[PDB]
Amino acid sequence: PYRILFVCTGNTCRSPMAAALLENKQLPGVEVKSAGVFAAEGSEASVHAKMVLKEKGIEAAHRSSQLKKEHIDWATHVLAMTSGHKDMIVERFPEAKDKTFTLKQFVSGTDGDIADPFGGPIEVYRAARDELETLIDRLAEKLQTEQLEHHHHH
């Protein structure tokens, strides 16, 4: 059972898009949340994030969350948008070091950041969305391959 936690700073732009894209796939045995390292409670996803998600048929009704101990304990995998987020999470919650990765490194094996679209025009959000969708597709394939490989019982 996977519990995937996507993390950025404000939990209004990158991580809600990552979460919405993964949740949209409705993968069995996968649960999805997002949170921000420094975020308000109950804020909507930003308007450009909502718009570019709508282009893909997604209307997630996101509400922002501050990243807390409870989320860290819940997660099987904490997938940070950038190496800076990863570093902050591990410093704040050292007990999470074994399960905290950047999204790019977890799915590709190679270090990389998802660029922050905040403050940018819609095409900058669409670029972030496209990068995220590719990574989430690869993530989905990774998880399901593992699930199938280790499936037993009847």
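Residue indices: 1-based, along the sequence shown.
| request: Would you tell me which stretch averages the higher CA B-factor in the PDB entry, 110 to 118 or 48 to 56? | output: That would be 110 to 118.
| task | Identify the stretch, either 23 to 31 or 123 to 131, whose C-alpha atoms have the larger mean B-factor according to the entry. | result | According to the entry, 23 to 31 carries the higher average C-alpha B-factor.
| Is the Cα B-factor recorded for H85 in the lowest, middle or highest third of its chain? | Within its chain, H85 is a lowest-third residue by C-alpha B-factor, going by the deposited values.
| Compared with the other modelled residues in the chain, in which third is the CA B-factor of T100? | Its C-alpha B-factor belongs to the lowest third of this chain's values.
| field | Assigned third (lowest, middle, highest) for the C-alpha B factor of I72 | value | Its C-alpha B-factor, which the entry lists for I72, ranks in the middle third among residues of this chain.
| request: Would you mind ranking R14 by its C-alpha B-factor against the rest of the chain and naming the third, lowest, middle or highest? | output: Its C-alpha B-factor, which the entry lists for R14, ranks in the lowest third among residues of this chain.
| Compared with the other modelled residues in the chain, in which third is the CA B-factor of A40? | Middle third.
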